[PDB]
Structures are given as C-alpha cells and as structure tokens.
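Results of the structural survey
One letter stands for each residue in the lines below.
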Amino acid sequence: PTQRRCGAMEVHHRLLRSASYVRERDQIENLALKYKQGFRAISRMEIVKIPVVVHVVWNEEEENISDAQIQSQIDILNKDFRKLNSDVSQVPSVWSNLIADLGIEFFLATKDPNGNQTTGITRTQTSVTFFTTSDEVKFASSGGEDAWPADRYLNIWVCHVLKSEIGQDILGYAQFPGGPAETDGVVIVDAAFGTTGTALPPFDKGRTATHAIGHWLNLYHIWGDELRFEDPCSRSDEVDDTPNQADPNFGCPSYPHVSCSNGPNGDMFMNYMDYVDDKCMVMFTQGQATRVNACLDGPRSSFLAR
Ligand SMILES: [Ca+2]
Ligand SMILES: [Zn+2]
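The notes below deal with the structure included here.

About the thresholds
- Residues numbered from 1 in each chain as written, not as in the entry; some residues may be left out.
- Chains lettered and ligands numbered in written order.
- Heavy atoms only, no water.
- Residues with missing side-chain atoms left out of burial classes, pairs and counts.
- Helix = DSSP H or I, 4+ residues; strand = E, 2+ residues; numbered from the N terminus.
- Rg over C-alpha atoms; globule rule 2.2 N^0.38 Å.
- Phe/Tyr/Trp six-rings, centres within 6.5 Å; stacked < 30°, edge-to-face > 60°.
- Buried < 20%, exposed > 50% of the residue type's maximum accessible area, 1.4 Å probe, protein only.
- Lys NZ or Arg CZ within 6 Å of the ring centre and 35° of its normal.
- Salt bridge = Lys/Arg side-chain N within 4 Å of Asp/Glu carboxyl O.
- Donors = N, O, S within 2.8 Å, 3.2 Å for Na, K, Ca; no water.
- Axes fitted to C-alpha atoms, helices over the stretch in contact; angles between N-to-C directions.
- Parallel < 35°, antiparallel > 145°, perpendicular 65-115°, else oblique.
- Contact = heavy atoms within 4.5 Å.
- Tetrahedral: all angles 85-135°; square planar, octahedral: opposite > 155°, others 65-115°.

Turning to the overall build of the protein, a few remarks are in order. A count of helical and extended segments in the protein gives six helices and six strands. Expected size for 306 residues packed as a compact globule is a radius of gyration near 19 Å; at 18 Å, the protein falls within 12% of this value. Taken over the C-alpha atoms alone, the protein extends approximately 50 × 45 × 40 Å along its principal axes.

What follows is the structure in structure tokens.
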C-alpha cells in the first residue's frame, strides 16, 4: 500500500513562523497574482537552463544511487517541462490546447559554487537512517550535505527513507520559493528518483521529482491544500485553467473524476501536481507556467541573468 505523500506543504506551515519567509512570500504572490489577471506579461522568448546539484546521502551503498540512475531523472525532467514527454498524448482532447511548455530545462553544473569543475553529484555517507519534514537531511550537522547557494544552483537531496511528522512515509517534499536559503531546494527519496537503478514504480518514470519541483516553481497542489483550514472547495491552486478540485487522486484514474463539480471536464489528474502514479501525470497547464514565469522574474531573478 505505497501511497503518494508530499510533505512540502508540511514544510509550508513551519515556514510561516519566522515571518522572514512571510515578508518574501507576500511579495512573491503579488507578482503571481498580477501575472494571473494579465497585468504584466512580458514573456521571455528564450528558454532558461538551470544548474543543479544532487546530494546523495547513503546509509548504505545500495541506497547510494548509480550515476546512470541520476541522469535518467535529469533527462525525464527536460522531456516533461518542454512538452517533450511521450506521455503528453494521454491528455483528453478537452485540454489538448491547454497543455503547456514551461520553456525550461536544467543541467548538472560543470562548476561547484567555489568555481572548480564538479560532476553535479555529492555523495555523503550518513549514520542516520530516517529523514523527516524537519529538513534535517539538508544540513550537514544532521548527516546531509550542506546546501549549495540558492541563487547559483537548485539543490537536490536523494536519500533512502523519507517520513512525515505524522509518520506517513513520504516520497519527497519541496521548499517554496523565497524560502530561507539553506533549505531552498527539493528532496526526493531514492526510489522515486529516475528510471533505473534503485528507482521503483509507480515512480520509475521519475515524475515524482517533477511534481515536488513545481513547488520550487511556486505551484500549489491542484486541490489547494490540507494545510489550509477551509471547506475543501474554497482552497485553490490559484491557477484559473485547472478545474478546482479538492481531493487528490492517486494511482491511475478513469476519466472523468468530478471534484467540486467541474463536470464533465473532471479533475486534471494528468497534471503533475496531482498525486497520481508517474505514467498518468504527464503535463503542465498554461496557467501554471504563467505562475512559474512570475516565480522566475521576481523571486528567482538570479537564475535568468546567468
Ligand atoms: Ca485551478
Ligand atoms: Zn507536493
């Protein structure tokens, strides 16, 4: 009974408290709001390629993932984000003209933050076995490689065991943009990372990382969130073109799944921000991309200028 469980929202409550994150998060949403209404939409017509470093923390070598495994994930992302995935053909025709190309690929930096030529994969032996939504795997003191600077690279943590504060075993999380630097990255368990090696289905397509990436582009789950105290229909992903559902669908669904009306269009289970299996989450919406655009210009302005 392995269910998809994303702790990124569990991070989000705990993010609020220092209020340093609160200042940035308000500024971050006004851009993503003003972009939403249409106000300013000067669009870049060049895709941006983004440097990425993977931190493997292995308690055992079997946990330590092969490099070939790491690449299979890297490739599948660059297929997913430019409308290149073979899976895009599974979207119902109702939304064929709504599928989007984020206009984004990424790479494993030739250079580490100090300048020397680097692979892009740090491997750290750790004595710990479990890891939490406490983000303790990110920091060095807790058996997890120090995060590389947030403006130069996008940090990655891959470990064997990921758990929630509730205890329910998670596949990964993500820290929202404008967040404090040393956590400004995403973590995915080793069995959801890539298309081979220790990667296992229904996370062998590696879309599990794709999903928690979207939180790094400031994408809410389609349903709003369960962090949010509300009647389930009044929590929304602030994306107009995705049908506002309230219940995540896991596994693979039968078209259509009707949540908070939106019938007969049904839920957008094909969206990577739903909890479906990897082979059924295939695409990103035009609205979502527009939200990504707003995350890139103001919060992440560093990466565009490279
Ligand atoms: Ca929506
Ligand atoms: Zn998530």
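That was the structure; now back to the text.
For the rest of this paragraph, the subject is the packing of aromatic side chains. For the coordinates displayed, the defined rule picks out 10 aromatic pairs. The interplanar angle of 50° and the centroid separation of 4.5 Å between the aromatic rings of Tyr272 and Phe284 together place this pair among those described as tilted. Of this pair, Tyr272 sits in the loop between α4 (207-214) and α5 (286-297) while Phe284 sits in the loop between α4 and α5, and the two are 12 residues apart along the sequence. Assessed through its relative accessible area of 0%, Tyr272 is described here as buried. On the accessibility criterion, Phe284 (2% relative accessible area) is buried. Ring-pair connections join several aromatic residues into one group, and the members of that group are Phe81, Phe106, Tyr272 and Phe284. Above the plane of the ring of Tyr220 lies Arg228, whose end atom (NZ or CZ) is 5.0 Å from the centre. Seen from the ring of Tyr220, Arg291 lies directly overhead, with NZ or CZ sitting 5.2 Å from the centre.

Scanning all chains against the criterion turns up 13 salt bridges. Here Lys36 and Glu238 are joined by a salt bridge, their closest N and O atoms 3.7 Å apart. Residue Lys36 is located in helix α2 (residues 20-37), and its partner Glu238 is located in the loop between α4 and α5; the two are separated by 202 residues in the primary sequence. Judged by relative accessible area, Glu238 falls into the partly exposed class, the value being 34%. Between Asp67 and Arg123 there is a salt bridge, with the nearest N and O atoms lying 2.4 Å from each other. Here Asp67 is found in helix α3 (residues 67-80), whereas its partner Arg123 is found in strand β3 (residues 121-125), with 56 residues between them in sequence. Exposure remark for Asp67: the relative accessible area of 43% places this residue in the partly exposed category. What makes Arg123 partly exposed here is its relative accessible area of 31%. Here the salt bridges share partners, and the residues they tie into one network are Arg25, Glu29 and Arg291.

Next up on the list: the coordination of the calcium ion (ligand 1). At the metal site, the calcium ion (ligand 1) is ligated by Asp237 (OD), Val239 (O), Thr242 (O) and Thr242 (OG1), and these contacts range over 2.4 Å. Ordering the donors of the calcium ion (ligand 1) by residue number gives the pattern D-x1-V-x2-T. By the burial criterion, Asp237 is buried, and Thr242 matches it.

For the pair helix α1 (residues 8-16) and α2, interaxial distance at closest approach is 7 Å and the crossing angle is 115°. Between α1 and α2, the interaxial angle falls into the category roughly perpendicular. Together, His12, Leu15 and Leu16 of α1 and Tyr21, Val22 and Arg25 of α2 make up the contact between the two elements.

What follows is about the coordination of the zinc ion (ligand 2). Every protein donor of the zinc ion (ligand 2) is accounted for by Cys6 (SG), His211 (NE2), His215 (NE2) and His221 (NE2), and the metal-donor separations fall at 2.1 Å. The site at the zinc ion (ligand 2) holds four donor atoms, and with the angles between them running 91 to 138°, its shape is irregular. Donor residues for the zinc ion (ligand 2), ordered by position in the chain, follow C-x204-H-x3-H-x5-H. Under the relative-accessibility criterion, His221 is labelled buried at 2%.

What follows is about the side chain of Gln69. Secondary-structure assignment places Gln69 in helix α3. Contact partners of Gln69, with chain neighbours within four places excluded, come to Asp190, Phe193, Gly194, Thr196, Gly197, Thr198 and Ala199.

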